[PDB]
Amino acid sequence: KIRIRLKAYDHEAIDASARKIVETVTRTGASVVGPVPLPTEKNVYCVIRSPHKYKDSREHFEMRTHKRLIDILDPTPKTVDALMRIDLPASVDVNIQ
Amino acid sequence: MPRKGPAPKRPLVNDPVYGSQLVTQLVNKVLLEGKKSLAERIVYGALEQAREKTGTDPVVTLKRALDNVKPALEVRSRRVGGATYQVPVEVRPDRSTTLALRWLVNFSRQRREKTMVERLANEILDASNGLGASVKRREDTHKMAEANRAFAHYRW
Amino acid sequence: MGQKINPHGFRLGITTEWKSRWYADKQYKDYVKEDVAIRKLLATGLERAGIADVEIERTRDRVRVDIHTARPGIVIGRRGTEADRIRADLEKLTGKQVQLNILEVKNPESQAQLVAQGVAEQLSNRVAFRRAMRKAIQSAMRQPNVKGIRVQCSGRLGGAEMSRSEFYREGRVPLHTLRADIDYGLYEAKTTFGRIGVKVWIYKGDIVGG
Amino acid sequence: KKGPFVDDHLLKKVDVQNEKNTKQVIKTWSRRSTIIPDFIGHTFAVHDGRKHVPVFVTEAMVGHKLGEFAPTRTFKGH
Amino acid sequence: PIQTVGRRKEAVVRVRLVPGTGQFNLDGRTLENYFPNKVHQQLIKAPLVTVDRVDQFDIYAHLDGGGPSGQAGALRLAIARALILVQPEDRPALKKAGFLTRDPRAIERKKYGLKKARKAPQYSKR
Amino acid sequence: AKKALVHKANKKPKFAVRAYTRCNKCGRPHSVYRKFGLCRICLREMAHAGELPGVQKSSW
RNA sequence: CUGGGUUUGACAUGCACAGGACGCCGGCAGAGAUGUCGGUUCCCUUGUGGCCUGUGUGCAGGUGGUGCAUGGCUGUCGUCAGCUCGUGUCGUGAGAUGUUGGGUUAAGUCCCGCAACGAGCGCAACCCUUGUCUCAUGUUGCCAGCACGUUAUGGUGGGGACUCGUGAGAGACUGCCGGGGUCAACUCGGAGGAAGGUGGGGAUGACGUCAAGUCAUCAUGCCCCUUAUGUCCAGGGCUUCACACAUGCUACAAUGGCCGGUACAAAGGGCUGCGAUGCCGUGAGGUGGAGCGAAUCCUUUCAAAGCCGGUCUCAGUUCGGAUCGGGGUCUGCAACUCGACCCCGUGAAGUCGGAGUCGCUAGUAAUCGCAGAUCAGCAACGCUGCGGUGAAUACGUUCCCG
Ligand SMILES: [Mg+2]
Ligand SMILES: [Mg+2]
Ligand SMILES: [Mg+2]
Ligand SMILES: [Mg+2]
Ligand SMILES: [Mg+2]
């Protein structure tokens, strides 16, 4: 079994690339599992001071990074050139594990 | 919202101990950031010290002192004809009710003593008797206004 | 000129798609180093053929290129002498093979860059700039699939050293709506007395492309 | 905390110098430090940007860099 | 098993109500230990204080997001939502004061061009 | 964007500090990023054109 | 710029007359350039495809100048509600109607009557994130009921039922009712409800204004030079001192400070990097490295305002840290004219700052927070993105500005 977890930046590339990649295994012919996405990698980090006299608009790390985890079955040589051929969104940091 | 008339008004809660509409706005005002328990406890403890000192209801004395600490003018800065005058403006009900409490809160910290209970209690006694620090500080705001009245007809 | 940015880059992330794209881990710099060189070479050589848009993807380090010309027959006169010339030049420049596939667009009158090149050539053709713009608009708006066109020629027109900027529009050309899918083309021409620029916008229709 | 900058450019030179055990001026743009005792016994050429001032060396001299003796300017009062 | 959710602008808490003396089994501590400001302790009980039921029912809440009062209001709305799964008789008594209606006021949008939330640098009238 | 620097940067010298970023598009060494690979303006161009992700220049 | 190279070049190329050595690996003169050196001494084959040394040749290189020749773009009038085109009519005309006029709205979205009938540009319109629900739904992550647990880790079986997870859909359309509305728009209130009347402000900066920053993002004809203004490096400095000034830290203290102890979450990035238990220190740090293309590990199970305890008792002080001598740490071949940091000591203006000026009606301005890339290294406390607690006020556009 080979797992694939593609990420995204602008809240849409995640599915725009999932519905295109996870369907290539079906186009080639094989079974696949449903969607199971992970929220994000957040990793609090806060050490810096500020002017301390005009110090307002309290905000911290507005950002979203979704993950789409789905497995693949029946791995063949023709099933590896599905994503490497083109990466249209430029934000999907896909990793085949 | 701003400069387009008064926005939708927000209600105000009342306390069932004394039953007054001027003993909760002050609480909400003194509820500074992070300080809501100690100040409220001190105010509650001083509300009875004042009742014992003045021998009158904790709210009637304050209602009467609101008029004793009621000013008539407020010094401003209005520039016209190459000169900046201290042209004041007439007092209004709500404006005065707010300014009196603002001055009371600002002068309750004038005394650099440590005892906050005393700082908050002994001031109301003198204010009701006619010698409060707020009553004394309210004199200059009217003196300067009367002095600058020579050019206070522009209604601004 | 105000903030009349190219609208083609506003919906490419919602409705339309990107022209060139690839993936590079610590190699984007070296990849663009050759991409810009290929872009300069094509702008120098193939511009005479009427290139519209060069999509430059990247296979496993060898080649992935696609071009959409407008005059099929001039760039390929005799197989080997003209079609393979650019391939050999690119192979000599960059040490990688090139499986160039020259395909033709559905029509030239529907592309923004092609009509831009046409107007730039008509301007240097010494013909009246106004009549040239009118003819270009009429040719491009012969309802192939389009619904609006907007051309703006600026520079030292009229064979003088002045600075004029005409304006013309047809149909609907909304720029504040995402459901437009407007195509834009940029280019600059050089005459015997100065430089000239042309801003073109072609609105086809309200295709949501969900 | 006696491990400051090693000044390899001068370390190699003083090494090849003590390999022959001579006392000559090391012509190099070394104005960084002379921390290691291997620099003792030999003379170097200070490069402060303008000129150089020779000085004698010995063993009881430990504690500064090679250029902080006299600044790029001169103190004379008038 | 009744289990609801209560969330604020940035907070969210899973709540479950049960019959028992007043106690909030938080993630390792209690209400008096998690809300010592003495104001959040009243804000959270605001819906259960309109019709006194604190000493009659127990709460089990797992909270996250937001700060102290953020989680306080999240658990408040959580209690407001959970009170309907047992007896809707108090639904009007709660809606009259205002509950189960999260304040639509939250963080707005900002980005380059400006530096703070709907705030521009001072410009002197010269 | 000096033709000497644009070559010295991509050159392969025998030192570490002798290497720079020196964006290849034009040669502006200021604000040239790693993942983007372009200077401030060279990146903002394609950003407003929507060529790359993470671009929202809102609030005036 | 102080001085020294190359001065057909440091970086590309079309032709001549000549080559297998250029290219590279080490020392040396060295301030380095650069030159002299050692090694390699071409990959094809007779014709040269690739290489460059110099020799002649046109050329590279201009960061040499003008946003008053241009292409192309922050910030502003302004998110202000207006700006134009086809036909028709009218006057010999610049030209008028449309677009004057009534209402609600931010609005020219609507209509009404009128020589007007239509449309474009903004608005309107669509939608991201947010505000609530349903379908799809289990990993590296949560845990109800079962077990394992013992305290740094649901770490480990099982439940998608719980929200976080996010593709689609319902859901806020003046949609309905009551009063006002030519009985036309529209408005106040009532309802489910998470949001109700352009929920929230946003990408959207419209015909144009100021020849508005920028010939230093880049291209560009004319003007000027090329044994040089091209280019290399050792060093100087754009941070020098008492200043006129500015988005404007540290502070001026009881709504403050000190130390020992002390809970939550919102929540970016990691392949030549974040970097833990524990040993080394009072501290910047050092030998080392589990984990790591990561809901794990790492900024630690992950701060403080506030929070329960001890205290100073209203002062140039135990708040305040600048500067200074000295241990130095840090990344850097290089911390000296010149970066950041802890600590031993000396311990300055300043006691909430006059005339004036400036931000701010809903999670807005303050009171505790954040930094990645821009760097190998730090001015980074100003920026591009950005969490939390949480009040004050509102007679109206007479008044200053647009
Ligand atoms: Mg100028
Ligand atoms: Mg006529
Ligand atoms: Mg130099
Ligand atoms: Mg400068
Ligand atoms: Mg560097």
# chains A, B, ... in the order shown; residues from 1 in each chain; ligands from 1
>>> residues_near_ligand(ligand="ligand 1", cutoff="10 Å", atoms="only C-alpha atoms (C1' of nucleotides) and all ligand atoms", output="PyMOL selection string")
chain G and resi 66-68+213
>>> residues_near_ligand(ligand="ligand 5", cutoff="9 Å", atoms="only C-alpha atoms (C1' of nucleotides) and all ligand atoms", output="list in words")
residues 17, 18, 19, 20 and 21 of chain F; 375, 376 and 377 of chain G
>>> write_last_selection(atoms="N, CA and C atoms (P, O5', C5', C4', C3', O3' and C1' of nucleotides)", output="PDB file, in the first residue's frame")
ATOM      1  N   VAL F  17      30.652  32.458   1.852  1.00  0.00           N
ATOM      2  CA  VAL F  17      30.046  33.785   1.834  1.00  0.00           C
ATOM      3  C   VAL F  17      30.075  34.433   0.460  1.00  0.00           C
ATOM      4  N   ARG F  18      30.792  33.849  -0.500  1.00  0.00           N
ATOM      5  CA  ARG F  18      30.875  34.406  -1.844  1.00  0.00           C
ATOM      6  C   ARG F  18      29.641  34.112  -2.688  1.00  0.00           C
ATOM      7  N   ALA F  19      28.660  33.391  -2.153  1.00  0.00           N
ATOM      8  CA  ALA F  19      27.435  33.072  -2.871  1.00  0.00           C
ATOM      9  C   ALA F  19      26.299  33.954  -2.374  1.00  0.00           C
ATOM     10  N   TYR F  20      25.458  34.403  -3.304  1.00  0.00           N
ATOM     11  CA  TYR F  20      24.331  35.273  -3.000  1.00  0.00           C
ATOM     12  C   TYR F  20      23.058  34.666  -3.584  1.00  0.00           C
ATOM     13  N   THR F  21      21.958  35.412  -3.474  1.00  0.00           N
ATOM     14  CA  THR F  21      20.680  34.992  -4.042  1.00  0.00           C
ATOM     15  C   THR F  21      20.528  35.501  -5.474  1.00  0.00           C
TER      16      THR F  21
ATOM     17  P     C G 375      18.829  39.463   1.464  1.00  0.00           P
ATOM     18  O5'   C G 375      19.177  38.844   2.890  1.00  0.00           O
ATOM     19  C5'   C G 375      19.802  37.575   3.005  1.00  0.00           C
ATOM     20  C4'   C G 375      20.742  37.534   4.182  1.00  0.00           C
ATOM     21  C3'   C G 375      21.279  36.166   4.566  1.00  0.00           C
ATOM     22  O3'   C G 375      22.347  35.728   3.746  1.00  0.00           O
ATOM     23  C1'   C G 375      20.551  37.299   6.507  1.00  0.00           C
ATOM     24  P     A G 376      22.689  34.161   3.657  1.00  0.00           P
ATOM     25  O5'   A G 376      22.471  33.650   5.150  1.00  0.00           O
ATOM     26  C5'   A G 376      22.697  32.296   5.509  1.00  0.00           C
ATOM     27  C4'   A G 376      23.674  32.190   6.652  1.00  0.00           C
ATOM     28  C3'   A G 376      23.589  33.289   7.703  1.00  0.00           C
ATOM     29  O3'   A G 376      22.580  33.036   8.668  1.00  0.00           O
ATOM     30  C1'   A G 376      25.855  32.931   7.083  1.00  0.00           C
ATOM     31  P     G G 377      22.259  34.109   9.820  1.00  0.00           P
ATOM     32  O5'   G G 377      23.646  34.290  10.584  1.00  0.00           O
ATOM     33  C5'   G G 377      23.688  34.585  11.973  1.00  0.00           C
ATOM     34  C4'   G G 377      24.270  35.952  12.233  1.00  0.00           C
ATOM     35  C3'   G G 377      23.339  37.129  11.995  1.00  0.00           C
ATOM     36  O3'   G G 377      22.479  37.377  13.096  1.00  0.00           O
ATOM     37  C1'   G G 377      25.430  37.554  10.971  1.00  0.00           C
TER      38        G G 377
END
>>> interface_residues(of="chain E", to="chain G", cutoff="8 Å", atoms="only C-alpha atoms (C1' of nucleotides)", output="JSON, numbers by chain")
{"E": [1, 3, 4, 5, 10, 12, 13, 14, 34, 36, 37, 64, 65, 66, 67, 68, 69, 70, 101, 102, 104, 105, 106, 107, 108, 109, 110, 111, 112, 115, 117, 118, 119, 120, 121, 122, 123, 124]}
>>> interface_residues(of="chain G", to="chain B", cutoff="10 Å", atoms="only C-alpha atoms (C1' of nucleotides)", output="ChimeraX atom specification")
/G:254-255,305-307,313-314,355,361,367,389-400
>>> residues_near_ligand(ligand="ligand 4", cutoff="12 Å", atoms="only C-alpha atoms (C1' of nucleotides) and all ligand atoms", output="list in words")
residues 216, 238 and 239 of chain G
>>> residues_around(residues="residue 52 in chain F", least_positions_apart="4", cutoff="9 Å", atoms="only C-alpha atoms (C1' of nucleotides)", output="PDB file with N, CA, C and O atoms, in the first residue's frame")
ATOM      1  N   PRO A  89      -1.457  23.549  -9.401  1.00  0.00           N
ATOM      2  CA  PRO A  89      -1.805  24.592  -8.426  1.00  0.00           C
ATOM      3  C   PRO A  89      -0.597  25.342  -7.887  1.00  0.00           C
ATOM      4  O   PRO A  89      -0.721  26.492  -7.453  1.00  0.00           O
ATOM      5  N   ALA A  90       0.572  24.702  -7.902  1.00  0.00           N
ATOM      6  CA  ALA A  90       1.827  25.230  -7.377  1.00  0.00           C
ATOM      7  C   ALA A  90       1.844  25.292  -5.856  1.00  0.00           C
ATOM      8  O   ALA A  90       2.864  25.690  -5.279  1.00  0.00           O
ATOM      9  N   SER A  91       0.754  24.914  -5.181  1.00  0.00           N
ATOM     10  CA  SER A  91       0.680  24.956  -3.729  1.00  0.00           C
ATOM     11  C   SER A  91       0.585  23.581  -3.087  1.00  0.00           C
ATOM     12  O   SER A  91       0.850  23.462  -1.886  1.00  0.00           O
TER      13      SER A  91
ATOM     14  N   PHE F  36       9.956  31.418  -3.639  1.00  0.00           N
ATOM     15  CA  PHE F  36       9.447  32.143  -4.799  1.00  0.00           C
ATOM     16  C   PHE F  36      10.532  32.320  -5.855  1.00  0.00           C
ATOM     17  O   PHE F  36      10.298  32.070  -7.043  1.00  0.00           O
ATOM     18  N   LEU F  43       8.221  39.358  -7.824  1.00  0.00           N
ATOM     19  CA  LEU F  43       7.256  38.426  -7.253  1.00  0.00           C
ATOM     20  C   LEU F  43       5.865  39.039  -7.189  1.00  0.00           C
ATOM     21  O   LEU F  43       4.877  38.354  -7.470  1.00  0.00           O
ATOM     22  N   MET F  46       3.812  38.619 -10.602  1.00  0.00           N
ATOM     23  CA  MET F  46       3.133  37.340 -10.770  1.00  0.00           C
ATOM     24  C   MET F  46       2.121  37.077  -9.664  1.00  0.00           C
ATOM     25  O   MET F  46       1.177  36.310  -9.872  1.00  0.00           O
ATOM     26  N   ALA F  47       2.285  37.700  -8.495  1.00  0.00           N
ATOM     27  CA  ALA F  47       1.313  37.523  -7.421  1.00  0.00           C
ATOM     28  C   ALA F  47      -0.007  38.193  -7.773  1.00  0.00           C
ATOM     29  O   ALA F  47      -1.073  37.569  -7.698  1.00  0.00           O
ATOM     30  N   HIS F  48       0.044  39.469  -8.161  1.00  0.00           N
ATOM     31  CA  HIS F  48      -1.159  40.150  -8.620  1.00  0.00           C
ATOM     32  C   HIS F  48      -1.714  39.497  -9.878  1.00  0.00           C
ATOM     33  O   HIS F  48      -2.925  39.559 -10.128  1.00  0.00           O
TER      34      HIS F  48
END
>>> select_by_dssp(residues="chain A", states="helix (DSSP H, G or I)", output="PyMOL selection string")
chain A and resi 13-21+24-28+77-79
